[PDB]
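Opening piece of a complex, kept in its complex position:
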Amino acid sequence: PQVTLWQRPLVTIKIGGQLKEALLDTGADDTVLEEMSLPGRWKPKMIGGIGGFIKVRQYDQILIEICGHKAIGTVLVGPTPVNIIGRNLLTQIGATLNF
């Protein structure tokens, strides 16, 4: 759908059998979810933002269903304040930014 930016663009994602709300974030390269349980294996990694780095777990081939749209990607799971859907997934749902 089209979304304005007066409110922050949140959508509902289904991941790991769990339903969450997440930010659609053009500025984020990767998707970063707060701590939750996935099954399977992961790897450590650090990402950066404002403030600095966080260490995160990298899970590959995770199916996310964003709004209704299935997508399979890597998600990072860690101490983010907010769940973030980032460009690696935005591309798969076809998101565009218009101005």
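Great, that's in hand. Numbers count the residues shown, from 1 in each chain, chains lettered A, B, ... in the order given.

So what does residue A:23 have for phi and psi?
For residue A:23, the backbone dihedrals are phi -90, psi 140 (criterion: degrees, to the nearest 10).

now it, which residues is it bridged with?
With DSSP bridges applied, the residues forming beta bridges to residue A:23 are residue A:10, residue A:84.

can you pull the contacts of it?
Residues near residue A:23 by CB atoms under 8 Å, 6 or more residues apart in numbering: A:8, A:9, A:10, A:82, A:83, A:84, A:85. Heads up, the C-betas are built off the backbone N, CA and C, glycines and all.

Same list (these) but as CSV, adding distance to residue A:33 and neighbour count.
Conversion of the contacts of residue A:23 to CSV gives the following (distance: CB to CB, whole Å; neighbours: other CB atoms under 10 Å):
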residue, distance to residue A:33, neighbour count
A:8, 17, 10
A:9, 16, 15
A:10, 13, 15
A:82, 9, 13
A:83, 5, 21
A:84, 8, 21
A:85, 9, 29
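
I'd like to know which of the residues you listed is nearest to residue A:63.
Sorting the contacts of residue A:23 by distance to residue A:63 puts residue A:85 at the head of the list, at 13.5 Å, by CB to CB.

which outside residues touch stretch A:84-99?
Residues lying outside stretch A:84-99 but in contact with it, judged by CB under 8 Å, 6+ apart, are A:11, A:13, A:22-33, A:64, A:66-67, A:69, A:71, A:73-74.

Here is chain B, add it in:
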Amino acid sequence: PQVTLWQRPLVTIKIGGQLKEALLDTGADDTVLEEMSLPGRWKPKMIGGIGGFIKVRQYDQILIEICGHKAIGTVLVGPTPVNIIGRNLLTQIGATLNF
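This next block brings in chain B, placed alongside the chains you saw above:
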């Protein structure tokens, strides 16, 4: 314009006589620019992001051109690693996110 998100969505902005590139960021509530000289009066503000919080200085009523769009707003300048146009100016240029 319309931008897809396979690459970082960077635009040229002109602020304070200076040419910068900036990231259009739907996840960011506020616009946050790296350190630069700006005329005037500022208040320190603390803001948060992934990885922590930064203290920034707030100039209000700055004119910024982002593509050929003048917008006037509050701009926070400080130790971000990228300049980020956030929803406060995104709204003034009429940007929309779509899927």
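
Revisit the contacts of residue A:23 given that chain B is now included?
Counting by CB atoms under 8 Å, 6 or more residues apart in numbering or on different chains, residue A:23 makes contact with A:8, A:9, A:10, A:82, A:83, A:84, A:85, B:26, B:27.

can you rerun that using 10 Å?
If you count contacts by CB atoms under 10 Å, 6 or more residues apart in numbering or on different chains, residue A:23 has them with A:8-11, A:32, A:80-86, B:26-28.

Which member of the residues you listed is positioned nearest residue A:51?
Proximity to residue A:51 was ranked across the contacts of residue A:23 by CB to CB; first place goes to residue A:81, at 9.9 Å.

ok, so what distance separates that closest one from chain B?
Distance check for residue A:81 against chain B: by CB to the nearest CB, to the nearest Å, it reads 7 Å.

My read is that that residue contacts residue A:50, right?
No: no contact is recorded between residue A:81 and residue A:50 when judged using CB atoms under 10 Å, the distance being 11.1 Å.

how distant is stretch A:56-76 from the center of its chain?
7 Å (CA atoms, centre = their mean, to the nearest Å).

which strand of chain A spans the most residues?
In terms of residue count, the longest strand belonging to chain A (DSSP state E) is strand A:53-66.

Now do the buried residues in stretch A:18-36.
A:20, A:22, A:23, A:24, A:25, A:26, A:27, A:28, A:30, A:31, A:32, A:33 (16 or more other CB atoms under 10 Å in any protein chain shown).

got a list of what residue A:49 touches?
Under the criterion of CB under 10 Å, 6+ apart, the neighbours of residue A:49 are A:27-28, A:32, A:80-81, A:84, B:27, B:48-52, B:80-82.
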